[PDB]
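> Experimental structure and sequence below, a few questions after.
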Amino acid sequence: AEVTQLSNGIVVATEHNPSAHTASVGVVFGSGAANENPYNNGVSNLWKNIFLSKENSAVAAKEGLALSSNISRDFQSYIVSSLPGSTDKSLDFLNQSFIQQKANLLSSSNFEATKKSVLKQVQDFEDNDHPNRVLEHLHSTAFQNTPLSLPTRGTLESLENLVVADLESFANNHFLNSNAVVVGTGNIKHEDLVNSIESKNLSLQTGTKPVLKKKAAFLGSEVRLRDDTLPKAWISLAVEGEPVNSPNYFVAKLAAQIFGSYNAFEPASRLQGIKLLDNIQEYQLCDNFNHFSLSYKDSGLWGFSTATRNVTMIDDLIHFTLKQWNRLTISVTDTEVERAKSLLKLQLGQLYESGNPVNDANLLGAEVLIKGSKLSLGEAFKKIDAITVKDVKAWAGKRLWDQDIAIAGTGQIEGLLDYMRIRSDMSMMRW
Amino acid sequence: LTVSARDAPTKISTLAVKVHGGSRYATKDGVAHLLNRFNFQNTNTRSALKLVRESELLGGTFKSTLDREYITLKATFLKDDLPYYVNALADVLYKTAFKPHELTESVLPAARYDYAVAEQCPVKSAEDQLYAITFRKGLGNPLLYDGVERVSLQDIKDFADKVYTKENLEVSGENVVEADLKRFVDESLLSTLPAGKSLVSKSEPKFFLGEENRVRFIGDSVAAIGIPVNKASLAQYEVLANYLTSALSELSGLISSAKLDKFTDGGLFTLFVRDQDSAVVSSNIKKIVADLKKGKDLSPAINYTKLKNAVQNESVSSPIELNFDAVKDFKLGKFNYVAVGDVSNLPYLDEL
Amino acid sequence: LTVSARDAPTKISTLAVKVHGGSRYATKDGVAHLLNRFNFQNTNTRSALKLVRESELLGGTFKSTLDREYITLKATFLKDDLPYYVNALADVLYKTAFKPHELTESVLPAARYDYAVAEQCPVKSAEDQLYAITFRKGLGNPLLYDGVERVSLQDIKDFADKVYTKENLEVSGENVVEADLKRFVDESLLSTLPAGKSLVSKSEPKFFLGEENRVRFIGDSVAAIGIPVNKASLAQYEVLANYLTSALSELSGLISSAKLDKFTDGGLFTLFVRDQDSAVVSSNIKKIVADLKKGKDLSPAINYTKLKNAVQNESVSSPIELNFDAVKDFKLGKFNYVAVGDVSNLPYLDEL
Amino acid sequence: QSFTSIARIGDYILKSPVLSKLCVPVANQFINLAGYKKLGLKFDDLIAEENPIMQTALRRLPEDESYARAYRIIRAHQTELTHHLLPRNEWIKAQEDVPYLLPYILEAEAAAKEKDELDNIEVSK
Amino acid sequence: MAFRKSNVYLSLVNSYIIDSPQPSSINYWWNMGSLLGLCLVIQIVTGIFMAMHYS
Amino acid sequence: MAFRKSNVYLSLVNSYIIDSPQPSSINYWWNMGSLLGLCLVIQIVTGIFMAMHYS
Ligand code: HEC
Ligand code: HEC
Ligand SMILES: COc1c(O)c(C)c(C/C=C(\C)CC/C=C(\C)CC/C=C(/C)CC/C=C(\C)CC/C=C(\C)CCC=C(C)C)c(O)c1OC
Ligand SMILES: COc1c(O)c(C)c(C/C=C(\C)CC/C=C(\C)CC/C=C(/C)CC/C=C(\C)CC/C=C(\C)CCC=C(C)C)c(O)c1OC
């Protein structure tokens, strides 16, 4: 449970955990899809794909190393996993690919074979992964004409028109030092890694900063992707949430836990202590749903997602759910808040502490990049337990009560009523 | 009644009661399935509802998984609430109500949904076919329930009596203080369980070879090969699996999935080729079989197969570890084949 | 273009156009099925509706059957209206419209119902499995349509072009004056048909042996054996079929059905054991295989197998007739086996 | 009034030998005067079913009892419409007039009451 | 289906007066309702005709 | 479902006045119907009150 981080030339961050069996090293950049443009959208996803290409991947495999990378909105990360002993051979492969081979990975035979893969990849996504496709579109309309609206995997149109020069252009503007953090998780010590790094000098484009832009903003709107040939209806709905490093980051995350997630087929799920289940189970209004409090640097999204085959009662699904959310402003109970506290701790635990160093790396790098440090799991619990009913009520009265929303859906959505109908349910009549 | 553990300064502990009751030991088709689904229902003192409402207020969940050999009752929770989940798991094993209405209202439905999900994924339709033809009645028993042969409430009770005993299970706690764990297991109802016999037979399963099965299916086509491994000859196959599923092998882009299922008395190697049209499936496999018949290895992935076999932190009780740094050559004797999908346009065992 | 006949003083004649277009010649799975179902739909000059309304007023009906080898277009009617049904059958072969809407509205549905009915009778699920494993791609082709591989309106048109030719069909009229029949066939559109090739190959199908398949099913359990016969060695198997299905054999009460399918280039012998519970099926078959391995015959049913093979008055064009009064001893070499139903409680090829 | 409540009072009286000898004979006389047995019905057949508890109960009732309840109810309606009673040898005997649905009704009520309790549990820190 | 079922107006009449499923055992006490409708009509009809001559 | 949907009386109101699916493009010419109901009410109300004083 130690968050160690020191700066010499490069800001090095590590979180050691003795019993681990393995160790992971890599760099995480403070720039992701939210830094691209509508036309070069998909560059970051492309980088990730070449970094994992058959050529580069075969080199580290001989050495007994494994590769992993993830593209997000605010950040990007390249990671190399290894045994606790080869904690040095990872640092060689890292520098070899980001300085020496930052021109060998971009050959006219590799880039074309990779481009052909992300194209079949992103296409496959839009053709079949409906729930994620919808959540991606939710960000698209909620933050339109603003950074957060750009899909992480990029659009098929900005992708097929992307050239090697664009990769370089992006890389030379974001893969800088002042916008980077070298992460090390697994078992290796902070002082073990920091030495192998402060050994090899060379700055490589120092003093350079990435370009700036215009702040992200929420806009009440919707995008309806009707498709009557699909067998279900997938919809996502949300209000403007909380950004990371916000006084209410936790109240919000707790508020989502109150309604939580559900799966109509799993017996135990049907028994949960969520009032909403009394309303939706009578006529079986949906196969599943899940609330969330997504947070980013400039903004966030608080809402839920759901999938259903009861295409003639979608208005009741949406109506009941939004009536429950009304309660957070006027009648949420102590026991509901308490049930949430326990469950939030359990999930926040399983995330920050799993048996996989790669997840730890991403989380560590991402956090240190936005707030210059990581909040310890124990420090979180103290904040979570401190939340009162009054807090939830004040938060909801600001974020949920009579506030614009964003909607997105695909499939048999004829039954999803108009905007103003849904919008009206964000409140209740009173004397 | 082996009680293992392993402490740590983390806040999330995870109790788990492994039991030798999987499909491999199933007396009737899918009975193990039904029982895994019958877990956490009603006990004689606590209802499934109270159990959930309580654990939620504490901060923990339950789950019951079904392997080909095991039936695991896991429980994830906050550290200091250890005894509760020990007695909870204890209660399930010793006194689940088994009410006739719980079968018709919760169990059967949950089970019907399980079979449905699997009936739509062709690779699993294949994996099930491999086991059925290699081990004709041991590990080749149907994993899930489908109603081909009757299974009453009583049959589910009998199988519970056999499987749930002190001599057939093993408590295992991750992120738990062994001192307290052993103390609580003995202080619970675990020790009251009528310790019967252990069905873990050491004699190697009588496997077959050169067998093949073809199943017509509407969806993606899949061709797969199944190879029975030895108790000691499994460490080489493991590197093979990681070799074919890596950047080192040239034909990694020609196969969907490849793995080695490790048991306590041998194992099974599986290779999967999946694609939309039958033509690409027939080619990619006809190439794999040919290139493997002219085997090669040299163990360049000796450090990759060892690294990938370590990322499994839940398996800190795995069999042989250093058997890898030995053999480094692979051939391809007799194996088993299964065609699923566009049958009239798929290879036969012969032309392979 | 062989035009056979046979007059009589009866009032009901029956024209029939046999064609070598069955499943055995099917280019794509079930295409023969679709075409048999597409018959009597719309032609370019007569609608399916007018055809029916007219024939009803005359006094006759149509029907299109599907064999493993043939596709027969039969027509039962009153004697003196002969030319009408000749031109009717002529019109179908030469100019059926094949409108995209007839496929979706009449053909596919009719076909879907056919497959459904057969998917519920286990003996047929078995018979289909026997053929598929003995003749791996000839007569082992799927008899009915099930959508595993695409089949467009065009694919149905191409197959029609091949199969419907003067060199691949044979007119046959029961209770008809051959003089007039030949006169009308030539005076019709039959002779305008672009006479292609005859797909009737004489070379014996390359059959296999010692093959087995098991299919899980919810209903009655069935165990069946399939035996490939020779072009001349089929006359003995015929008496065997009538022997096992008679009062002379002691084990006639232990088998559900037994028969010999006669083709133009060999044949297939089938034996069926069907019952509710798996135990009785396992026994009855394990007994048949044992008693047949210690073969016996003596041909006491030599006059019964000849009498039963004569009651077939529609088959007055059958192959060998006097081959029966020869061989009189049967053994049991290698054969094929299929388990359908309660699989986990049914015999394997081994223990037979 | 719930069946849980009816049972509480009824059992208390049934156990105490003071009331048990005083009441039961009156109750037996009451049941005979009611006359439902002359119509071929068992008391449990008379319980009003239009509520969730009774619907759950009837759903859990084993097949053979269900077909029998059905025959008794239809037979009753037909006799009633004819303004007759069944011939005495067809009347339900006291040994037969068993509370066959009662155990299902009580189980459902407890399940229901528990849920009501759990949905409203307070928490003390 | 029958016209009495498909017509917008006739179906109302069909569901309330023609095909309405009644319990086989109801007695003459269940005849008072219709008698009440009849009374309502008799009151309205005789009332309107007298209203023509009333001041 | 919502109470407005389940109640015997409210569902009528819901299907005719609340959830009734209307073609998105109807113009002000489609507003005359409601205006006709209003007229009918105004005629009945003012008529009954005057009937109280009329001979
Ligand atoms: C205008 C239509 C009209 C309707 C509709 C009507 N009535 Fe009348 N009613 C009258 C008139 C006119 C009188 C005065 C003449 C009379 O005394 O009968 C009257 C008188 C009465 C009287 C006095 C009887 C007496 O002793 O003279 C009663 C009581 C009565 N109505 C009851 C009813 C009932 C109950 C209804 C309806 C359910 C009804 N009315 C409907 C017009 C009507
Ligand atoms: C008793 C209720 C009553 C109803 C219902 C009623 N009216 Fe009248 N109406 C009267 C009375 C009373 C008068 C006489 C007083 C007057 O002249 O306005 C009258 C008079 C009239 C007149 C003469 C107006 C004038 O020049 O004085 C007309 C026209 C008329 N009504 C139309 C209607 C229409 C159209 C309706 C309904 C759609 C209607 N009425 C409904 C009672 C009613
Ligand atoms: C589920 O169980 C049922 C059941 O549902 C029903 C419906 C019935 C049958 C009974 C009924 C349907 C009774 C219904 C009664 C009514 C709908 C009455 C409605 C009342 C009215 C007063 C209508 C209004 C009349 C007028 C406006 C016109 C009268 C005036 C006129 C004609 C003036 C003419 C003028 C001139 C100058 C000629 C049962 O017996 C029954 O038992 C089991
Ligand atoms: C499919 O398309 C539609 C559509 O369907 C509808 C419904 C509307 C909306 C319009 C309407 C619903 C109009 C409806 C009108 C009516 C139902 C009127 C019914 C009429 C009556 C006269 C009711 C009768 C009233 C009474 C008996 C009482 C009055 C008397 C009183 C209160 C006396 C009180 C006495 C004392 C002493 C105090 C649309 O605009 C529309 O457009 C697209």
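Received the coordinates, thanks. Numbers count the residues shown, from 1 in each chain, chains lettered A, B, ... in the order given. Ligands and ions are numbered 1, 2, ... in the order given.
> hey, which helix is longest across chain D?
Of all segments of type helix in chain D, defined using DSSP state H, the longest is helix D:63-82.
> mind saving the C-alpha coords of that helix as CSV?
What follows is helix D:63-82, C-alpha atoms only, in CSV (Å, rounded to 0.1, in the frame of the first residue of the first chain):
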residue,chain,number,x,y,z
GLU,D,63,-49.9,-31.4,-10.0
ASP,D,64,-52.2,-34.1,-8.6
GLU,D,65,-53.7,-31.9,-5.9
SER,D,66,-54.3,-29.2,-8.5
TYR,D,67,-56.2,-31.4,-10.9
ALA,D,68,-58.3,-32.6,-7.9
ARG,D,69,-59.0,-29.0,-6.7
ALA,D,70,-60.2,-28.2,-10.3
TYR,D,71,-62.6,-31.2,-10.3
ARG,D,72,-64.0,-30.3,-6.9
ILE,D,73,-64.7,-26.7,-7.9
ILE,D,74,-66.4,-27.5,-11.2
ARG,D,75,-68.5,-30.2,-9.6
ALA,D,76,-69.6,-27.7,-6.9
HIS,D,77,-70.7,-25.1,-9.4
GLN,D,78,-72.8,-27.7,-11.3
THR,D,79,-74.5,-29.0,-8.2
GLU,D,80,-75.2,-25.4,-7.0
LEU,D,81,-76.8,-24.5,-10.4
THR,D,82,-79.1,-27.6,-10.2
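> That one: which residues count as buried?
D:69, D:72, D:76, D:79, D:80 (16 or more other Cβ atoms under 10 Å in any protein chain shown). (Each C-beta comes from the backbone N, C-alpha and C, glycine too.)
> With stretch B:228-241 instead?
Result for stretch B:228-241 [16+ other Cβ under 10 Å]: buried residues B:228, B:229, B:234, B:235, B:236, B:237, B:238, B:239, B:240, B:241.
> Check whether stretch A:322-340 comes near chain B.
Yes - Stretch A:322-340 reaches chain B (Cβ under 8 Å from any Cβ of the partner chain) through A:338, A:339.
> Now do the SS call for residue B:62.
Secondary structure for residue B:62, judged by DSSP: H, G, I helix; E, B strand; the rest coil, is strand.
> tally of neighbours for it?
Using other Cβ atoms under 10 Å in any protein chain shown, residue B:62 is surrounded by 20 other residues.
> for the one 4 residues further on, same thing?
The tally of other residues near residue B:66 (other Cβ under 10 Å) stands at 21.
> cool, and the one 3 residues further on?
For residue B:69, the count of nearby residues is 21 (other Cβ under 10 Å).
> Compute the distance between it and residue A:158, please.
49 Å (Cβ to Cβ, to the nearest Å).
> now do residue E:40
Distance from residue E:40 to residue A:158, by Cβ to Cβ: 75 Å.
> Equivalent analysis for residue A:292, please.
27 Å.
> ok, back up a step: quickly check: the longest helix of chain D near chain B or not.
No - applying Cβ under 8 Å from any Cβ, one finds helix D:63-82 out of contact with chain B, separated by at least 11.1 Å.
> before we move on, back to that, tell me which two of the buried residues of stretch B:228-241 sit farthest apart.
Maximum pairwise distance among those (Cβ to Cβ): 17.7 Å, between B:228 and B:239.
> quick revisit: who has more neighbours out of residue A:292 and residue A:158?
Just comparing residue A:292 and residue A:158: by other Cβ under 10 Å the higher neighbour count belongs to residue A:292, 22 against 19.
> Now do the same for the more buried one: helix, strand or coil?
strand.
> So for it, what's the nearest residue that isn't a sequence neighbour?
In space, and not counting its chain neighbours, residue A:292 is closest to residue A:256: 5.7 Å by Cβ to Cβ, 6 or more residues apart in numbering or on different chains.
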